[PDB]
Amino acid sequence: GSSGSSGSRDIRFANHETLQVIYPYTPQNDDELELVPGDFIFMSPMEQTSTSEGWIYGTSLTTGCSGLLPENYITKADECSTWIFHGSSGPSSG
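When the count follows the authors' numbering, it moves up by one through the sequence shown with no breaks and lands on 334 for the last residue.
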């Protein structure tokens, strides 16, 4: 069949989200992950743990480590743009 587990080293056929760190954060355990200003964080629903509360499970782009972080330290990725994908536009939407 196909040689490739569910996950992958790179996001090609996955719907992983991308967020940019807006402020640093000093963790205290593994459960959480270190945050760095100017880095990205890949969030996945299959890796969500204690997020619904306020945190968010993702993976760093610089280091490559994953863990829980405060949603109040990151932001949506508005740097990457699609090629044809429209999504939605009109009422102050973009």
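Virtual Cβ for every residue (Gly too), placed ideally from N, Cα, C.
- In terms of CA proximity to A317, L259 leads the group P285, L259, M286.
- Straight across, the Cα-Cα distance linking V261 with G298 is about 11 Å.
- The continuous stretches of beta strand (DSSP E) do not include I262, and DSSP gives it neither H nor E.
- Three or more Cβ pairs drawn from the segment 278–294 and the segment 245–258 lie within less than 8 Å of each other, which places the two stretches in contact.
- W323 counts as exposed, since fewer than 16 other C-beta atoms from the protein chains shown sit within 10 angstroms of its C-beta.
- For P285, the three-state secondary structure derived from DSSP is helix.
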